[PDB]
């Protein structure tokens, strides 16, 4: 009803985590939007947003999201609070781990969005990332290929953090 969660997914992991995030928030607070069936103008309807996008393209963005990216200039995000999460492989993409959410954040904050939900890089083994803001990632970094046993606990901690930041 109040937080719009827009995700794009390739193998379905970002979508399953989006449903978990939805449940952790509860009370009909978050409405899920698969970006394959969304329009950029749908983002304008929320004052609270959660952007989900995996990184599997070594120097490109998830197809569904790749499309919306070009039209992100058509939307004013000033006043909106935005959080980010994505899936990736810190070993197979050591130099580009979670690049997708960093690209998205750069664009959105330029348009006026305020990033909420920074997440610690501790416990990850990678080299670089466009999502790296230096001591923290721009949002929740998940790795189901190497750290699937840490996923639910990470989601649990991040949602508790977002509850405070979003004022829930």
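Positions refer to the first chain, counted from 1.
Higher mean CA temperature factor between 17-25 and 153-161: 17-25, per the PDB entry.
Annotation for 114-122 versus 37-45: the higher mean temperature factor (C-alpha) is found in 37-45. The maximum CA B-factor among the listed residues 127, 31, 55, 63, taken from the PDB record, is found at 63. Ranked by C-alpha B-factor against the other modelled residues of its chain, residue 11 falls in the middle third. In the PDB entry, a CA B factor belonging to the middle third of its chain's modelled residues is recorded for residue 104. Placement of the Cα temperature factor of residue 82 within the chain: lowest third of the modelled residues, per the deposited record. Ranked by Cα temperature factor within the chain, residue 75 sits in the highest third according to the deposited record. The PDB entry assigns residue 68 a C-alpha temperature factor belonging to the highest third of its chain's modelled residues.
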